[PDB]
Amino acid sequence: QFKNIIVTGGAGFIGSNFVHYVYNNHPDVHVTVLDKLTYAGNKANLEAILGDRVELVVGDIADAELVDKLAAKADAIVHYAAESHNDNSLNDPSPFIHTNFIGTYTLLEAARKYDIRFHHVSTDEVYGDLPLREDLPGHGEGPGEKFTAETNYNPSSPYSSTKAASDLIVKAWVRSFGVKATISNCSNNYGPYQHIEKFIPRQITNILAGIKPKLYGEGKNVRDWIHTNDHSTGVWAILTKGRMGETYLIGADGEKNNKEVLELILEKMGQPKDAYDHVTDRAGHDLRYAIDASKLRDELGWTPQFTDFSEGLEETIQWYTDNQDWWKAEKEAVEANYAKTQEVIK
């Protein structure tokens, strides 16, 4: 029900995947991507589909003058733009404060001015940490053993804290000014086009480059994995059918500890089960994340389609193997940056 939408952060991982989704399934919609092209922005993620349906505008979401020019011609804003890596936020929180909070505020004021639709894309990390299933009476199935729309905010890092802060002002702008906004908090995404600084693609590409995979500590931490294609359909459902002012949780019930994920990657790529390095653990590292997506399923009828992790991972490994020119120019620089704060445990 929208014809001219702005997608911020559309040259990144999750955002570019959403743009591809629109280009393929809703050809009647025009998309204007607003992206600053930081270390994480890549024109290659959109180059093949740029045209009458999709255009790219290079700029900052904190640039009020530019945002005003674009907002005056749109009927909706889908907001993905952000500094998204915890490890980078621990080394230098500056850009997180700027982009995640000030950037969201700038966009909210534009939505208010032109009275248009706004969907805020956020993360499950705003809720903090959860204990491992082995230490819970309900084994992870009981009340409060998973995140729900009623869970309190309790972020652990500069990244999750600035995202949570942005969630708070979006909701305040709805109650105070009647902005037409909705919010989504999603679990860990994986799939094609994810930057190699992130867990899954870092291990896959290190192996392809003849470098040892890296595991933080002993790998006890748990993440709830969801394929980006399912994140895309969830956001589209909320954008077009959601209730104004509501928050929806997106997840596919795919909890796994880092150790088992790395072991699956090694096995699929024909490597020995112990061919990896244990490395310096992350400060304030979150233990377990888990999402209860009952609300979105019940109210909007959304159902994830990529629930077979083994197959999804197999296809992801093949994509990075078939598109080595997409990441090879960044491998040395990313690993060198990590070497400044991480070393092999022994």
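When you see a residue number, it is the position in the sequence shown, counting from 1.
**Q** Averaging CA B factors per stretch from the PDB record, which one is higher: 168-176 or 224-232?
**A** Mean B over CA atoms: larger for 168-176.
**Q** Out of 130-138 and 112-120, which stretch has the higher average CA B-factor listed in the record?
**A** Per the PDB entry, the higher value belongs to 130-138.
**Q** Could you say which of 248, 147, 276, 216 has its CA atom at the highest B factor, as listed in the PDB entry?
**A** Highest C-alpha B-factor among the listed residues goes to 276.
**Q** Report the option among 192, 270, 254, 158 whose CA atom has the maximum B-factor in the deposited record.
**A** Result of the comparison over 192, 270, 254, 158: 270.
**Q** Quick one: classify residue 47 as lowest, middle or highest third of the chain based on its Cα B-factor.
**A** It falls in the middle third of the chain.
**Q** Lowest, middle or highest third of the chain for the C-alpha temperature factor of residue 87?
**A** For residue 87, whose C-alpha B-factor we compare with every modelled residue in the chain, the answer is the middle third.
**Q** Using only modelled residues of the chain, where does the Cα B factor of residue 242 rank: lowest third, middle third or highest third?
**A** According to the entry, residue 242 has a C-alpha B-factor in the chain's middle third.
**Q** Among the modelled residues of this chain, does the Cα B factor of residue 66 put it in the lowest, middle or highest third?
**A** Answer is highest: the recorded C-alpha B-factor places it there.
**Q** C-alpha B factor of residue 143, ranked within the chain: lowest, middle or highest third?
**A** Tercile = highest for this residue's CA B-factor.
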